[PDB]
Amino acid sequence: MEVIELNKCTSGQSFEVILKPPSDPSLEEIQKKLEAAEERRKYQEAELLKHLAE
Amino acid sequence: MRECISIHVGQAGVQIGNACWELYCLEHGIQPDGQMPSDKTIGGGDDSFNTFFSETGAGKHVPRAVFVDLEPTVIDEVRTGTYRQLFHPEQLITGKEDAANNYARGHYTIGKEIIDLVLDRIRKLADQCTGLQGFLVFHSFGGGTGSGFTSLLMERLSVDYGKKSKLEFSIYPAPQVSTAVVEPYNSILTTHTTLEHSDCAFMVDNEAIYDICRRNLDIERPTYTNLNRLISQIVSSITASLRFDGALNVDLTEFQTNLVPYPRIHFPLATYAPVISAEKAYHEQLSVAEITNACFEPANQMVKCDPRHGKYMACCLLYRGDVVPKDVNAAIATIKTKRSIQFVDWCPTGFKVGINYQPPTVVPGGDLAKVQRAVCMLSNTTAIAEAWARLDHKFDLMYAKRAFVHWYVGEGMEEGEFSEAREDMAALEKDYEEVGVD
Amino acid sequence: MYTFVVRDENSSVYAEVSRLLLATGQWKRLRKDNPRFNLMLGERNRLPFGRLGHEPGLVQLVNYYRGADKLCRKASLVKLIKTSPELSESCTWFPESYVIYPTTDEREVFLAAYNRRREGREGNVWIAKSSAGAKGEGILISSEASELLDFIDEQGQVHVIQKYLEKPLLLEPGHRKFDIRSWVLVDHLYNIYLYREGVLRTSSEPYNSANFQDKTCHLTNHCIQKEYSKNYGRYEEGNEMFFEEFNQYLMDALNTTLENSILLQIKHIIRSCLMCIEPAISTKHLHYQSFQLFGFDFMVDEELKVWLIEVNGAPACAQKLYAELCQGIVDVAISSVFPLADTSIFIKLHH
Amino acid sequence: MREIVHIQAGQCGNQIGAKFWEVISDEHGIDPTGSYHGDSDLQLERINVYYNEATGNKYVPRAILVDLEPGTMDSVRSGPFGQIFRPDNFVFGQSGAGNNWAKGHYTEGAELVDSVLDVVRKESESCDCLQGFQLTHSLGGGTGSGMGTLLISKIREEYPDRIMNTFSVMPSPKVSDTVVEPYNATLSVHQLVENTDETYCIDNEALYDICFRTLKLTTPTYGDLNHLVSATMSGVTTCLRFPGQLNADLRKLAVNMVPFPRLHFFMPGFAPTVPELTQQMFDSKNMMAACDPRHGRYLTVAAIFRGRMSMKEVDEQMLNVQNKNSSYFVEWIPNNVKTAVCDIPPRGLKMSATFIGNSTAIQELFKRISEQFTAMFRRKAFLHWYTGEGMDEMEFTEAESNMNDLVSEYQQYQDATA
Ligand SMILES: COc1cc(OC)c(Cl)c(-n2c(-c3ccccc3)cc(=O)c(C)c2-c2ccc(F)cc2)c1
Ligand SMILES: Nc1nc2c(ncn2[C@@H]2O[C@H](COP(=O)(O)OP(=O)(O)OP(=O)(O)O)[C@@H](O)[C@H]2O)c(=O)[nH]1
Ligand SMILES: Nc1ncnc2c1ncn2[C@@H]1O[C@H](COP(=O)(O)OP(=O)(O)CP(=O)(O)O)[C@@H](O)[C@H]1O
Ligand SMILES: Nc1nc2c(ncn2[C@@H]2O[C@H](COP(=O)(O)OP(=O)(O)O)[C@@H](O)[C@H]2O)c(=O)[nH]1
Ligand SMILES: [Ca+2]
Ligand SMILES: [Ca+2]
Ligand SMILES: [Ca+2]
Ligand SMILES: [Ca+2]
Ligand SMILES: [Mg+2]
Ligand SMILES: [Mg+2]
């Protein structure tokens with residue numbers, strides 16, 4: 001069991017204890033997807049108001 | 001000195017943040033009006049506690065935090081609370097109608113409306129930063145704003161602040177305090193969208209916090225105040241290394257490099273001890289070995305799972321109070337013989353240990369007892385995937401019938417995003433299984 | 001009244017336990033994926049342990065121990081015995097064994113011992129087994145290593161090679177082989193209960209040491225004995241000899257008793273195996289509790305030394321004993337957690 | 001702040017609506033003159049949801065009163081709280097509807113509908129953030145039945161992104177007072193299936209048996225039945241009128257209750273120890289709709305407890321009923337029973353429990369109505385009264401088919417497994 005890299009200061013104390021060794025989308029893409037979802041909402045609201053006008 | 005900005009999203013994120021910052025002030029001796037008598041540098045300083053607090057020429061210490069919810073009932077409590085003085089209004093942001101426990105409503109419909117205003121207020125905090133480490137994002141998986149808007153903000157933050165680190169403090173849903181039937185949907189969707197944008201995410205299952213408050217504090221029916229009080233203690237011990245002098249986890253990047261060797265498996269399991277009731281006038285004070293050994297009992301974990309049936313990829317021990325390294329090494333050596341601790345072959349069987357001589361701080365009148373030594377263990381074990389399995393099963397049962405899906409589609413989302421998000425979690429579950437199983 | 005769910009319809013043991021619980025009038029059976037249960041009689045592979053113990057207001061119990069697979073599968077058990085201080089690579093009651101993969105592996109070490117004893121002209125009859133084979137197949141006995149190591153690369157699943165017991169205890173009349181099956185119940189407190197009654201699964205053909213091409217004289221499974229032999233049923237009904245008769249034979253033919261010569265070693269082996277894995281499977285501080293019924297298979301040599309050959313996590317009983325054992329499961333493993341309205345058939349092995 | 005607009009249409013709707021405002025005005029400490037005289041301050045934290053605040057700190061209900069005949073309109077103004085309503089929000093005709101769904105929907109109600117929407121619009125523009133609408137009415141008449149669903153259709157066209165709730169009195173299995181109710185109900189249900197987010201099913205025969213068997217009212221009256229409905233209507237709106245987080249607005253409630261859009265018809269319940277309350281609310285004898293919950297399965301449930309009580313005891317007792325009767329809860333909607341508690345009790349009671357269930361057993365009601373409707377329509381009995389107002393026969397056929405579809409859908413999920 002080794003105790004390596006012991007750093008020691010006023011507030012506290014840090015160390016390591018080894019026991020055994022081993023063996024993104026762009027901004028344009030974001031706006032486009034948010035717009036496609038706004039379009040889908042507007043088409044559904046259009047189909048609704050269209051059927052209510054009928 | 002480098003700065004960190006905390007972002008609190010939704011009801012759960014706001015209220016936990018409101019408890020964390022009350023606890024931060026008590027630890028650093030900051031008064032509700034923002035005055036810190038012990039700060040001998042007025043109007044400035046590059047002290048370690050200044051990583052979370054700004055300073056004004058008048059002597060006030062202002063949290064580097066922004067609070068965002070899509071309805072005012074929660075944030076208006078901050079504007080009137082004991083620490084209303086602490087913040088200034090540009091940090092608090094409100095909508096008028098919430099996301100209705102709907103991930104798509106908070107992500108697409110209402111998220112688009114308010115995202116740009118939030119980034120501007122975030123940008124105001126970043127302009128005051130000489131060197132910005134990254135962000136700490138508090139939110140819930142189940143809420144409409146917590147799941148929907150957070151995952152949108154994470155995407156933009158990866159753009160506006162490309163190379164800066166992001167840490168989540170997420171609230172895994174628990175039925176005993178859950179407000180919505182569709183939380184499993186919101187959790188899978190937000191996890192999928194945020195996975196590639198979060199460098200390290202500490203999950204908290206309200207079931208575990210709820211039972212701990214019942215078992216160890218003898219609270220008949222815990223409330224969010226009870227739960228948040230305890231959550232603040234775990235959050236504080238994790239962020240303590242960023243707010244005090246030290247050499248372990250003094251930079252947001254250290255969390256990833258010390259706890260996350262595999263990018264997608266970035267969900268460490270936190271374990272905290274001792275949780276003692278203050279109504280017990282006195283108890284036999286617990287030894288370092290006893291509290292350290294408590295860290296391997298599932299009853300003290302933030303997510304009820306069985307690490308014995310997984311594999312560790314990293315482990316850190318964060319002590320606060322009367323703890324010396326020789327006591328720790330004795331506790332570790334004796335514990336390793338009685339416990340079933342298995343590491344992955346491609347990692348050393350080690351423990352990174354940090355000690356901070358200041359004993360844990362408790363809120364006056366709270367349910368938690370003042371103790372002289374405490375410990376929090378952050379271990380990246382595959383056993384936390386049990387939580388993903390639980391949540392995925394609930395998702396499958398409802399989606400087999402397309403139950404409630406129309407609420408999401410009516411908000412502009414497509415049924416494909418349900419399958420796309422679910423497949424990602426299916427891969428994540430199998431990623432966890434390659435690492436931790438033979 | 002309590003609730004339970006059945007998820008392994010093929011379990012003949014828990015089929016009768018299910019019948020018994022409903023006869024109680026205090027247990028209602030729910031359907032497969034109803035999560036609001038007290039007791040899960042779960043499936044045999046990929047049982048979802050991670051979902052148990054998360055239903056508020058429900059003490060949930062399950063009839064399997066997570067992690068028992070390390071003991072109830074040949075490749076796992078060999079690795080467990082060799083790599084545990086408790087059981088010790090220098091173990092006395094487990095035959096010299098080696099794990100070997102077709103096409104972490106131990107093939108090179110198995111040959112080391114094989115030539116080591118053909119140097120000394122000691123017997124070299126080894127056997128290869130695996131959890132993939134069944135129905136009396138997937139098994140080969142030979143004295144030449146080449147015949148066996150070629151036979152494994154002919155397969156695709158991991159196997160284990162084990163030193164065949166060339167000098168077994170042979171029952172007379174018949175001059176025939178046998179193995180012993182003991183049933184063990186481990187409750188949620190991890191109490192180890194041994195069923196008072198065991199069974200000898202018998203070979204009805206005389207043990208021929210010369211020719212191993214013949215299977216039936218060597219393999220004592222209740223399947224191959226019923227299926228490749230006509231003298232099946234001559235000496236005892238169904239090639240099943242029970243302890244009272246076996247106790248008499250030992251006394252009359254060897255001036256000893258079942259208890260002293262054999263049974264005391266069986267209880268030692270059971271304790272050692274289960275107590276070795278208690279830290280890794282015990283559920284006394286978990287959110288869900290466990291119990292499991294195990295079936296231990298033993299071989300006895302002519303010196304009356306007891307050897308362990310395998311363990312079954314999902315075993316079957318003998319037709320004469322289903323009623324007595326399956327009701328004992330209810331009182332000790334189920335009714336212990338979920339009481340009912342208001343002598344013992346088990347041996348408790350202390351630790 | 002999140003304001004709801006209330007509408008009551010027809011003789012039935014107005015009578016029920018009037019006692020609803022009597023109950024909650026008392027609960028919020030408002031007297032008939034519109035002035036607050038209460039004790040606690042939780043009474044006013046969410047008062048703006050159902051009340052507008054006007055000069056002089058007087059609170060006026062955000063209520064619109066509608067009927068094609070003036071009779072019941074004059075009774076509302078002479079009642080106990082009739083003084084409180086905004087006099088410009090009384091929108092009444094003179095003809096009446098004569099139990100004719102076509103008159104309320106197409107001819108007599110058409111001439112009056114715009115006058116109603118003008119009041120609706122004026123109220124909605126005075127809302128910080130309008131939340132939705134709730135309507136009280138019957139499905140057997142002509143005004144609340146026919147004109148009510150016209151207002152619903154008109155309101156959706158102006159406020160398509162707002163929630164629409166209704167408290168609908170359904171025809172009863174054995175008690176009726178109008179011959180053509182199968183036609184009026186079937187024509188309204190067709191509308192509600194398409195244009196409402198949440199509908200509470202009330203039938204009078206169940207209310208009457210409660211009044212006669214349980215409360216022991218030897219000669220019950222619509223006065224006694226309405227007191228039950230208003231008490232229930234108070235209970236189902238407690239989470240909307242008092243501080244809380246669970247089902248705190250109409251949309252959040254709908255999202256937790258409606259797994260599939262067309263299956264949004266609920267079976268209310270009320271009761272009357274903690275174990276006693278929880279047993280009652282689940283009992284068939286405490287349901288306000290004539291459907292046995294044991295003849296179907298619950299898709300979702302919402303329970304509201306009021307008064308001072310041990311939440312530990314409540315939480316423990318709700319779980320026992322769920323785990324006791326697992327067969328009656330769908331296995332494929334985990335944790336579909338949600339419980340909320342408010343410290344404010346109703347008047348006369350210290351502990352109350354209100355029950356909201358979305359049970360597939362509701363199909364029985366839609367089958368009763370369909371059977372009666374077809375028996376009339378196959379012979380075209382009484383149809384000349386409707387075709388005489390301009391309707392075509394095919395409007396009837398479509399309404400029948402939609403309800404038969406709605407019955408099929410309810411059965412589909414009643415037998416679904418995991
Ligand atoms: C629904 O159709 C009805 C049919 C009927 O007689 C067959 C009656 Cl009496 C009533 N009814 C009336 C009433 C109505 C119209 C004309 C005259 C009297 C007034 C009243 O106060 C109450 C309580 C009831 C009522 C309700 C539900 C019941 F189960 C039993 C009685 C209603
Ligand atoms: N621990 C804890 N959990 C909370 C708290 N508040 C809410 N939750 C959890 O969060 C989930 C509900 O999400 P919320 O945060 O309340 O809602 P939201 O994030 O504001 O989203 P919207 O309701 O759409 O505006 C449930 O699973 C709750 O258990 C809290 O203060 N503490
Ligand atoms: N090392 C050894 N020495 C002597 N005989 C052995 C042996 N290993 C196995 N055998 C014989 O081979 C037979 C089958 O072995 P094994 O018990 O592995 O089959 P199996 O796993 O199908 C039993 P079950 O069906 O109960 O799981 C046994 O009856 C035993 O007599
Ligand atoms: N609860 C209740 N129901 C009523 C009342 N008056 C009528 N109804 C119901 O409504 C039906 C008669 O419809 P009515 O209210 O006159 O419809 P309208 O023409 O729109 O006013 C009957 O079947 C009753 O069940 C009442 O005062 N209270
Ligand atoms: Ca300073
Ligand atoms: Ca990134
Ligand atoms: Ca006219
Ligand atoms: Ca006009
Ligand atoms: Mg909210
Ligand atoms: Mg086997």
# chains A, B, ... in the order shown; residues from 1 in each chain; ligands from 1
call {"tool": "select_by_dssp", "arguments": {"residues": "segment 129-241 of chain C", "states": "strand (DSSP E or B)", "output": "JSON, numbers by chain"}}
result
{"C": [129, 140, 141, 142, 159, 160, 161, 162, 163, 168, 171, 176, 178, 179, 180, 181, 182, 183, 184, 185, 186, 192, 193, 194, 195, 199, 200, 201, 202, 240, 241]}
call {"tool": "write_last_selection", "arguments": {"atoms": "N, CA and C atoms", "output": "tab-separated table (two decimals), in the first residue's frame"}}
result
chain	number	residue	atom	x	y	z
C	129	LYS	N	-16.20	-31.22	-19.06
C	129	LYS	CA	-17.61	-30.89	-18.84
C	129	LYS	C	-17.83	-29.42	-19.17
C	140	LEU	N	-16.96	-36.09	-21.99
C	140	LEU	CA	-16.06	-37.07	-22.56
C	140	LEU	C	-15.02	-37.48	-21.53
C	141	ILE	N	-14.78	-38.79	-21.44
C	141	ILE	CA	-13.82	-39.37	-20.52
C	141	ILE	C	-12.76	-40.10	-21.33
C	142	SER	N	-11.49	-39.81	-21.05
C	142	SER	CA	-10.41	-40.47	-21.75
C	142	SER	C	-9.13	-40.37	-20.93
C	159	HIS	N	-15.13	-24.94	-21.37
C	159	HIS	CA	-15.23	-26.20	-20.67
C	159	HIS	C	-14.27	-26.22	-19.49
C	160	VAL	N	-14.40	-27.25	-18.67
C	160	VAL	CA	-13.48	-27.53	-17.57
C	160	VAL	C	-13.04	-28.98	-17.69
C	161	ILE	N	-11.75	-29.23	-17.50
C	161	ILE	CA	-11.21	-30.59	-17.42
C	161	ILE	C	-10.98	-30.91	-15.95
C	162	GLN	N	-11.38	-32.10	-15.54
C	162	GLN	CA	-11.35	-32.50	-14.14
C	162	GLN	C	-10.83	-33.93	-14.03
C	163	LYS	N	-10.04	-34.20	-12.99
C	163	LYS	CA	-9.45	-35.52	-12.82
C	163	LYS	C	-10.54	-36.51	-12.45
C	168	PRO	N	-13.94	-45.15	-7.33
C	168	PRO	CA	-15.15	-44.79	-6.59
C	168	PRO	C	-15.61	-45.90	-5.65
C	171	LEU	N	-21.42	-49.75	-5.02
C	171	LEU	CA	-22.47	-50.42	-4.27
C	171	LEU	C	-22.56	-51.89	-4.68
C	176	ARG	N	-21.53	-51.19	-8.90
C	176	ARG	CA	-22.00	-50.04	-9.62
C	176	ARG	C	-21.71	-48.72	-8.88
C	178	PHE	N	-22.06	-44.36	-8.24
C	178	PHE	CA	-23.18	-43.53	-7.80
C	178	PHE	C	-22.68	-42.14	-7.41
C	179	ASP	N	-23.63	-41.21	-7.29
C	179	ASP	CA	-23.36	-39.90	-6.72
C	179	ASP	C	-24.48	-39.53	-5.74
C	180	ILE	N	-24.18	-38.57	-4.86
C	180	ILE	CA	-25.11	-38.13	-3.82
C	180	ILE	C	-25.56	-36.71	-4.10
C	181	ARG	N	-26.86	-36.46	-3.92
C	181	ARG	CA	-27.46	-35.15	-4.07
C	181	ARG	C	-28.00	-34.71	-2.72
C	182	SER	N	-27.57	-33.53	-2.27
C	182	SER	CA	-28.06	-32.92	-1.04
C	182	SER	C	-28.70	-31.58	-1.37
C	183	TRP	N	-29.85	-31.30	-0.75
C	183	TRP	CA	-30.57	-30.06	-0.98
C	183	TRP	C	-30.34	-29.12	0.19
C	184	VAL	N	-30.00	-27.87	-0.11
C	184	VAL	CA	-29.65	-26.87	0.89
C	184	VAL	C	-30.51	-25.63	0.66
C	185	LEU	N	-31.09	-25.11	1.74
C	185	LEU	CA	-31.90	-23.90	1.69
C	185	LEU	C	-31.21	-22.80	2.50
C	186	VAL	N	-31.01	-21.64	1.86
C	186	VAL	CA	-30.41	-20.48	2.50
C	186	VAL	C	-31.46	-19.38	2.54
C	192	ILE	N	-27.95	-21.44	6.86
C	192	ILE	CA	-27.74	-22.55	5.94
C	192	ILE	C	-28.48	-23.76	6.50
C	193	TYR	N	-29.53	-24.19	5.80
C	193	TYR	CA	-30.36	-25.31	6.21
C	193	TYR	C	-30.12	-26.48	5.26
C	194	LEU	N	-29.74	-27.63	5.81
C	194	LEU	CA	-29.56	-28.85	5.03
C	194	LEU	C	-30.80	-29.72	5.18
C	195	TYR	N	-31.33	-30.20	4.06
C	195	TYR	CA	-32.46	-31.11	4.09
C	195	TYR	C	-32.02	-32.45	4.67
C	199	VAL	N	-30.41	-38.20	-1.51
C	199	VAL	CA	-30.68	-39.27	-2.46
C	199	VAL	C	-29.38	-39.69	-3.13
C	200	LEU	N	-29.26	-40.99	-3.40
C	200	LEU	CA	-28.17	-41.54	-4.20
C	200	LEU	C	-28.70	-41.84	-5.60
C	201	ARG	N	-28.18	-41.13	-6.59
C	201	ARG	CA	-28.54	-41.36	-7.99
C	201	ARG	C	-27.59	-42.41	-8.55
C	202	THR	N	-28.15	-43.54	-8.97
C	202	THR	CA	-27.41	-44.78	-9.11
C	202	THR	C	-27.16	-45.14	-10.57
C	240	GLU	N	-32.99	-44.64	-7.47
C	240	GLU	CA	-32.94	-43.67	-6.39
C	240	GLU	C	-32.88	-44.42	-5.07
C	241	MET	N	-31.72	-44.41	-4.42
C	241	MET	CA	-31.55	-44.99	-3.09
C	241	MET	C	-31.53	-43.86	-2.06
call {"tool": "interface_residues", "arguments": {"of": "chain B", "to": "chain A", "cutoff": "10 Å", "atoms": "only C-alpha atoms", "output": "CSV table (one decimal) with N, CA and C atoms, in the first residue's frame"}}
result
chain,number,residue,atom,x,y,z
B,104,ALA,N,-41.1,18.2,-23.8
B,104,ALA,CA,-41.2,18.9,-25.1
B,104,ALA,C,-41.7,20.4,-24.9
B,107,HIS,N,-38.7,22.3,-23.6
B,107,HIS,CA,-37.5,22.3,-24.5
B,107,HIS,C,-37.8,23.0,-25.8
B,108,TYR,N,-38.9,22.7,-26.5
B,108,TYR,CA,-39.3,23.3,-27.7
B,108,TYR,C,-40.1,24.6,-27.6
B,109,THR,N,-41.3,24.4,-27.0
B,109,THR,CA,-42.3,25.5,-27.0
B,109,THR,C,-41.8,26.7,-26.2
B,111,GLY,N,-38.9,26.7,-24.2
B,111,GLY,CA,-37.5,26.9,-24.2
B,111,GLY,C,-37.0,27.9,-25.2
B,112,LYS,N,-37.5,27.8,-26.4
B,112,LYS,CA,-37.1,28.7,-27.5
B,112,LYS,C,-37.4,30.2,-27.1
B,152,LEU,N,-31.7,21.9,-23.2
B,152,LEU,CA,-31.5,22.9,-24.3
B,152,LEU,C,-30.4,23.8,-23.9
B,155,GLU,N,-27.0,22.3,-24.4
B,155,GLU,CA,-26.6,22.3,-25.8
B,155,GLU,C,-26.0,23.7,-26.2
B,156,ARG,N,-26.7,24.8,-25.8
B,156,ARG,CA,-26.2,26.1,-26.1
B,156,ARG,C,-24.9,26.4,-25.4
B,158,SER,N,-22.5,24.4,-24.6
B,158,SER,CA,-21.5,23.7,-25.3
B,158,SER,C,-21.0,24.5,-26.5
B,159,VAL,N,-21.9,25.5,-27.0
B,159,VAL,CA,-21.6,26.3,-28.1
B,159,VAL,C,-21.0,27.6,-27.7
B,160,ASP,N,-21.7,28.4,-26.8
B,160,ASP,CA,-21.2,29.7,-26.4
B,160,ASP,C,-20.0,29.6,-25.6
B,162,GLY,N,-17.6,26.8,-25.6
B,162,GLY,CA,-17.2,25.5,-26.1
B,162,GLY,C,-16.3,24.6,-25.2
B,196,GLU,N,-24.0,13.9,-24.2
B,196,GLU,CA,-22.7,14.4,-24.8
B,196,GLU,C,-22.3,15.8,-24.5
B,197,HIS,N,-23.1,16.4,-23.6
B,197,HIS,CA,-22.8,17.8,-23.2
B,197,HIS,C,-22.5,17.9,-21.7
B,241,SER,N,-14.0,21.3,-2.2
B,241,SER,CA,-12.6,21.3,-2.8
B,241,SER,C,-12.4,22.5,-3.7
B,244,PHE,N,-12.3,25.9,-1.0
B,244,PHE,CA,-11.2,25.9,0.1
B,244,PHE,C,-9.9,25.5,-0.6
B,245,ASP,N,-8.8,25.9,0.2
B,245,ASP,CA,-7.5,25.5,-0.3
B,245,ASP,C,-7.4,24.0,-0.3
B,246,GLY,N,-6.7,23.4,-1.3
B,246,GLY,CA,-6.5,22.0,-1.4
B,246,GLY,C,-5.7,21.7,-2.7
B,247,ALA,N,-5.4,20.4,-2.8
B,247,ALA,CA,-4.8,19.9,-4.0
B,247,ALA,C,-5.5,18.8,-4.8
B,248,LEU,N,-6.7,18.5,-4.2
B,248,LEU,CA,-7.6,17.5,-4.9
B,248,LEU,C,-8.9,18.1,-5.3
B,249,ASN,N,-9.2,17.9,-6.6
B,249,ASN,CA,-10.5,18.5,-7.1
B,249,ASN,C,-10.6,20.0,-6.9
B,316,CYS,N,-13.1,8.3,-4.8
B,316,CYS,CA,-12.5,9.4,-4.0
B,316,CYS,C,-13.2,9.5,-2.7
B,317,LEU,N,-12.4,9.9,-1.7
B,317,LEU,CA,-12.9,10.0,-0.3
B,317,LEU,C,-12.7,11.5,0.2
B,318,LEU,N,-13.8,12.1,0.5
B,318,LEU,CA,-13.7,13.5,0.9
B,318,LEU,C,-14.2,13.6,2.4
B,319,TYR,N,-13.2,13.8,3.3
B,319,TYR,CA,-13.4,13.9,4.7
B,319,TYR,C,-13.5,15.4,5.1
B,320,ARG,N,-14.2,15.7,6.2
B,320,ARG,CA,-14.3,17.0,6.7
B,320,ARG,C,-14.2,16.9,8.2
B,321,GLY,N,-13.2,17.5,8.9
B,321,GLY,CA,-13.1,17.6,10.3
B,321,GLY,C,-11.8,16.9,10.8
B,323,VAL,N,-9.7,14.3,11.0
B,323,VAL,CA,-9.3,13.2,10.2
B,323,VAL,C,-7.8,13.3,9.8
B,324,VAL,N,-7.0,12.3,10.1
B,324,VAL,CA,-5.6,12.3,9.7
B,324,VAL,C,-5.3,11.1,8.8
B,325,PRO,N,-4.4,11.2,7.9
B,325,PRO,CA,-4.2,10.2,6.9
B,325,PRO,C,-3.9,8.8,7.5
B,328,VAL,N,-7.0,7.0,8.0
B,328,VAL,CA,-7.7,6.6,6.7
B,328,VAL,C,-7.1,5.3,6.2
B,329,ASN,N,-5.7,5.3,6.1
B,329,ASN,CA,-5.1,4.1,5.5
B,329,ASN,C,-5.4,2.8,6.3
B,332,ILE,N,-8.9,1.9,5.3
B,332,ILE,CA,-9.0,1.4,4.0
B,332,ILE,C,-8.5,-0.1,4.0
B,333,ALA,N,-7.4,-0.3,4.6
B,333,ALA,CA,-6.8,-1.6,4.6
B,333,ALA,C,-7.7,-2.7,5.2
B,336,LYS,N,-10.8,-3.3,3.0
B,336,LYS,CA,-10.6,-4.0,1.8
B,336,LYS,C,-10.7,-5.5,2.0
B,343,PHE,N,-12.2,-3.7,-8.9
B,343,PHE,CA,-11.9,-2.7,-9.9
B,343,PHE,C,-11.8,-3.3,-11.3
B,344,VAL,N,-12.0,-2.5,-12.3
B,344,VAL,CA,-11.7,-2.9,-13.7
B,344,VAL,C,-10.3,-3.2,-13.8
B,345,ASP,N,-10.0,-4.2,-14.7
B,345,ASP,CA,-8.6,-4.6,-14.9
B,345,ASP,C,-7.7,-3.5,-15.4
B,346,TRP,N,-8.3,-2.6,-16.2
B,346,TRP,CA,-7.6,-1.5,-16.8
B,346,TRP,C,-7.5,-0.2,-15.9
B,347,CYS,N,-7.7,-0.4,-14.6
B,347,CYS,CA,-7.5,0.7,-13.7
B,347,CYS,C,-6.9,0.2,-12.4
B,348,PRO,N,-6.1,1.1,-11.7
B,348,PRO,CA,-5.5,0.7,-10.4
B,348,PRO,C,-6.5,0.7,-9.3
B,349,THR,N,-6.4,-0.3,-8.4
B,349,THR,CA,-7.2,-0.3,-7.2
B,349,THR,C,-6.7,0.7,-6.2
B,350,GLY,N,-7.2,1.9,-6.3
B,350,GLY,CA,-6.8,3.0,-5.5
B,350,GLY,C,-7.9,3.9,-5.0
B,351,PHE,N,-7.5,4.8,-4.1
B,351,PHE,CA,-8.5,5.8,-3.5
B,351,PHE,C,-7.8,7.1,-3.4
B,352,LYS,N,-8.3,8.1,-4.1
B,352,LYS,CA,-7.9,9.5,-3.9
B,352,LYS,C,-8.6,10.1,-2.7
B,353,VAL,N,-7.8,10.6,-1.8
B,353,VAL,CA,-8.4,11.0,-0.5
B,353,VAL,C,-8.1,12.5,-0.3
B,354,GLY,N,-9.2,13.2,0.1
B,354,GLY,CA,-9.0,14.6,0.5
B,354,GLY,C,-9.6,14.9,1.9
B,355,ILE,N,-8.9,15.7,2.6
B,355,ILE,CA,-9.3,16.0,4.0
B,355,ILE,C,-9.4,17.5,4.1
B,356,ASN,N,-10.4,18.0,4.9
B,356,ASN,CA,-10.6,19.4,5.1
B,356,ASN,C,-10.9,19.6,6.6
B,357,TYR,N,-10.0,20.3,7.3
B,357,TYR,CA,-10.1,20.3,8.8
B,357,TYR,C,-11.4,21.0,9.3
B,358,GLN,N,-12.1,21.8,8.5
B,358,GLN,CA,-13.3,22.4,9.0
B,358,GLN,C,-14.4,21.4,9.1
B,409,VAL,N,-46.1,15.2,-28.8
B,409,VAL,CA,-46.2,15.5,-30.2
B,409,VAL,C,-47.0,16.8,-30.4
B,410,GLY,N,-48.0,17.1,-29.6
B,410,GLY,CA,-48.7,18.3,-29.7
B,410,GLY,C,-47.8,19.5,-29.4
B,411,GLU,N,-46.7,19.4,-28.9
B,411,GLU,CA,-45.7,20.5,-28.6
B,411,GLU,C,-44.6,20.5,-29.7
B,412,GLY,N,-44.7,19.8,-30.8
B,412,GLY,CA,-43.8,19.9,-31.9
B,412,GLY,C,-42.8,18.7,-31.9
B,413,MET,N,-42.6,17.9,-30.9
B,413,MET,CA,-41.7,16.8,-30.9
B,413,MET,C,-42.3,15.7,-31.7
B,414,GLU,N,-41.4,14.8,-32.2
B,414,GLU,CA,-41.8,13.7,-33.0
B,414,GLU,C,-41.7,12.4,-32.2
call {"tool": "residues_near_ligand", "arguments": {"ligand": "ligand 1", "cutoff": "12 Å", "atoms": "only C-alpha atoms and all ligand atoms", "output": "number ranges by chain"}}
result
D: 11-12, 15, 138-141, 169-179, 181, 202-213, 217-228, 288-290
call {"tool": "interface_residues", "arguments": {"of": "chain B", "to": "chain C", "cutoff": "7 Å", "atoms": "only C-alpha atoms", "output": "PyMOL selection string"}}
result
chain B and resi 298+308+339-340+386+390
call {"tool": "residues_near_ligand", "arguments": {"ligand": "ligand 3", "cutoff": "6 Å", "atoms": "only C-alpha atoms and all ligand atoms", "output": "ChimeraX atom specification"}}
result
/C:134,162-165,179,219-221,309-310,312
